[PDB]
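Two forms of a single protein chain come next, each set out by itself as structure tokens; they are called structure 1 and structure 2.
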Structure 1
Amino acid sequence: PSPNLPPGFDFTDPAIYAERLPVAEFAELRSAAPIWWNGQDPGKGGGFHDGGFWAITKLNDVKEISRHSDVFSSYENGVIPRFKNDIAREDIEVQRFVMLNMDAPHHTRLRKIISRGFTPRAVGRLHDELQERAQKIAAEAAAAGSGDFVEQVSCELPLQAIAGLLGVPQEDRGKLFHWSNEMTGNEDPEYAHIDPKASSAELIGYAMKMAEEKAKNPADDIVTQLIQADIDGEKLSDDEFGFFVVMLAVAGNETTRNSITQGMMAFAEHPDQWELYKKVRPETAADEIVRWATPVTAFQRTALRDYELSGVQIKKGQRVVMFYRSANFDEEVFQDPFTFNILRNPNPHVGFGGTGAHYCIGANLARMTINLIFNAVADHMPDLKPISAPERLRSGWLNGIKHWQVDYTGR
């Protein structure tokens, strides 16, 4: 029995996400066709011209694909499943220069090096400065009385996290943030004029300039650690560092921002959870917010060989799209998945991907950013109330909130 979906429904259609999350449609697949071929008409494949893809809606399938990276490749078609329909193939393949879109062994080398900058020590050293900034952000927003939660609360701290990790001087953080905000959102009319390719070129240039500067004058931030050769001569070239910085902007900015915005949307919809958060401040909240927000709706892989997955035959060369937004509400894994429960524990969500070679290296940095900012929101604007509905981002793989008017005070 075919799933009850509209003829031609495409789960990567940006026009859906500009309006809503296709929650009921995902649940229909989980029940009636947990692995479902998503057909795509000619020229409507968001940059991919292969007829469609396998929709992966169950968490254990998402995990199986993510563990078997030897079969399911990130390099072959990249992991973003939707661009503008007219994007040139070469602009897809230039994205192979970031570690996210690499397969082993190239990925293994880069991840090993880049792991130097995401040790628990490197991340935890940012705690106090980020905590201060979180408090300052929330204080300034509340003093404005009312405004755009996305811009006055959610946007800044993720960017300051990246700047702090990289040791970006304060004078430069303005243009770093600008470049990072021009990397995604390309398909929304409000951002139709951003040029992601131009922005990345400038970022790489700035990043390479910082790499050579930091070689001359080592410090104790991670840039020095990344570009200094270890015993085996391993280190990031200047351009490899540039592509690393580009990836941090792509992977660590709007995702965390959107977790914060939608975390607060969840709290506004579930005031008992909000009261419980304000009293207890449970850090488990961070994972339930990420599960609820699932900022990355989906990443894809490409089969390098035939592979049978939960009784479905994936063919060599076919794309499989991991719908984290569906898997994070999988009734077979989660107790009451549609209950927002900041105490959920354990919380095996795949908001940071499925466990495997590409698992989000910034997951704990993100969790700390979320906990710090929501502590500050609780400290400075505990009676925050929305004014109007959120505006969603037109994107086929990012679950974004562009704007959200809130009254930071009671009235």
Structure 2
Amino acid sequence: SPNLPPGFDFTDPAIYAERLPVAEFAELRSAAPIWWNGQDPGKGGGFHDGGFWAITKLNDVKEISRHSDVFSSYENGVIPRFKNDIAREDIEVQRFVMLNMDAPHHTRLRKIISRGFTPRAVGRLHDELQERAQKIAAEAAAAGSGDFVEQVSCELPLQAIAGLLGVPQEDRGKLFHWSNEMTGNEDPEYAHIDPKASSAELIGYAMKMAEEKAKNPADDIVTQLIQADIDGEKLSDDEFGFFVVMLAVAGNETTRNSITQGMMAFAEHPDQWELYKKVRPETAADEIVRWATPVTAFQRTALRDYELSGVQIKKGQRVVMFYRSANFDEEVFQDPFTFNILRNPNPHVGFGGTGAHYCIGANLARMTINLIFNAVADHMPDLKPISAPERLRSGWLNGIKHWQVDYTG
């Protein structure tokens, strides 16, 4: 049996508020790479099934991710932890998010939304995003010091997703705050905010945008979605609203945490920061995503009994894929605990295990990361931290809320 504290739960948001449980994941990969993480009644983060299988090795993450015929996103959704008292209907409403759909309906909605994330569509955004990155870093730098998360990390992904959606840059703050409220609900900084109401506020905004784009269509996702046809029928209001929920959250709660944690890594590894500033290599974004693993974990539910790496998984049981563990898998990566911005091949699973749900934003994310680090290297090459990062209290999202830095060092 692995050497862990009795009752230890790898989805416990109390851990992530303080730290990433790196030695605990390392202990599972060594001792029990697929391991039954039991959960006491009422302590299941919204699930009441006694616990789940912790999946810690990259090969097993791929096998689950790539066989969605067996491992369902729809049955319990993919988020493995909510507040302990969330109502089951409030988990099930998240089946209106494409991330939580299975084929065939998943297939139809993904085919539509992917039309706006083609490699040449993303490549067409380069100059715009570059111009924004330089402005963001110049403005942060002129302030001398401050919160890197708010001044640097959040802006470029937030502008990017607002521009893609068709949100006027003037209302971009609204998306960001609603996304933070919906994903921060277990953190004391978001105390007294009902995430259901924040979802409803964003959805209401999305419906205002749908009326705006119905009269004034434009080259943007809201226009695309309200015009979409599935075999003759428009997206339902529920699916349209939750499309914007999903996109606002993916846009505002992933890339910014890779950027904060990439800069944390560069502060800890000055060797790699000098190399980055000189060469600006095209492999840096992927090492930043491996090192940052912005999504710690997503889950699936077995639709039939299934043998995985000698372990018998039962129909109806949850498997929780710890990307944070897989991205440090000693049998995959040469020196996983070395931050190496030249690492290649780099078969990390920051964007999941591949298969039907693979991140549609991955190339956008990598562009965003490269553009913002080039701008930070240009405008604040000697930045240094002032105090420790403040981590988000979440049992699946690996967030940095705030991080005080001196842009001058």
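Residue numbering: structure 1 sequence, from 1. Shifts are known only where both forms have a C-alpha. So that the term is clear: the rigid core is the largest set of C-alpha atoms that superpose within 1.5 Å between two forms.
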Comparing between the two structures on the core: of 278, 305, 136, 175, the CA moving 2 angstroms or more sits at 175
For residue 317, is the C-alpha shift between the two structures 2 Å or more after core superposition?
no
Once the core is aligned, does residue 207 move its Cα by at least 2 Å between the two structures? yes
Aligning on the core only, does the CA of residue 235 end up 2 angstroms or more away between the two structures? yes
Aligning on the rigid core, one finds that residue 197 shifts at its CA between the two structures, in Å, by 2.2
Taking the rigid core as reference, the Cα of residue 372 travels between the two structures a distance in Å of 0.2
Note: conformational shift between the two structures, core-aligned, Cα at least 2 Å, runs of three or more in sequence order, located at 166-183, 193-243
